[PDB]
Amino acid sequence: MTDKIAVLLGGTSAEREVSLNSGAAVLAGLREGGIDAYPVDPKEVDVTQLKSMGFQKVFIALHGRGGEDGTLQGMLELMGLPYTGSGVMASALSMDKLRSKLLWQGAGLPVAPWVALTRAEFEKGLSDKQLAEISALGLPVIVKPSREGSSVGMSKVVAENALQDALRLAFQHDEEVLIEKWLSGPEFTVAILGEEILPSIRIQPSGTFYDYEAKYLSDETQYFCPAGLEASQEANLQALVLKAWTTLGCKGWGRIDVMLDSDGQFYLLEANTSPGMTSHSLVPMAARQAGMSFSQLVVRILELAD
């Protein structure tokens, strides 16, 4: 009461249905922890009248462009309403897998060899002396849109012969594209809550990459918590994820994706400042393992709102 909280779910991104799913969970979780939370889909109500509706705080359960970029966060800062995750800048920074990679590399963090392409570069026919670039990377490479989540628009390409199509796809999602080198090793994610970092997770998709379907609609993908890593490695991770996190300037809560490569090093893929919270999500998995309940987690996240 007074402390009527708003749970921003839905929205209009490509990740809209996961959001609705993440949002449904945070709702019950919060209400279970005794909070007066309400579902607010920006694809209906105008978020601008948020203040005019008496919400004292906001829990962002939106994913992608519109909710995980600096926009929403910018407005709220001006409305003077506390909200759950990272600030304007770090939400802007994280969404952009391209500027993320440059900043992380600027700070000496291990980021995978890549090539960036804009759509106009693509519409004109890319320089034969540009596949010189993509080729100096390896076979295979992965194509990903710059500002997406949930493995949307991504595609793996073996041989330069399938790239034109990979790129067609990725471009339907963003005008800026990264073409990066295939990491050949196990995959990992690390959740952060306040200044604590949750037991690590190792994912084992039952396919080629951790794809939208592996992520949410497949009961074959496998999860290990913690990671099953020697205590040497399990320390290189945390320290890396933490260096990574502060470099972005992120706060409150979020989750970082990483992978091993053949040379035995950890490579940073991207950071997510508003992680999913569905029955398949990773943040909730890492938290349980750390003895919290779905409501404690979410409640703790709200406690962190600024």
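Residue numbers run from 1 along the displayed sequence.
Two stretches are in play, 14-22 and 288-296, and the higher mean C-alpha B-factor belongs to 288-296. Taking only CA atoms, the mean B-factor in the PDB entry is higher for 155-163 than for the other of 212-220 and 155-163.
Set against one another, the Cα B-factors of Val258, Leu50, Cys250, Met277 in the record reach their highest point at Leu50. Note on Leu178, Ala92, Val190, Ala227: the highest value goes to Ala227, judged by CA B factor as recorded. Among the modelled residues of its chain, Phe59 has a C-alpha B-factor that falls in the lowest third according to the deposited record. Sorting the modelled residues of the chain by their CA temperature factor places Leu102 in the lowest third. Annotation for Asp41: C-alpha temperature factor in the middle third relative to the rest of the modelled chain, per the entry. Placement of the Cα temperature factor of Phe122 within the chain: highest third of the modelled residues, per the deposited record. Among the modelled residues of its chain, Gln172 has a C-alpha B-factor that falls in the middle third according to the deposited record.
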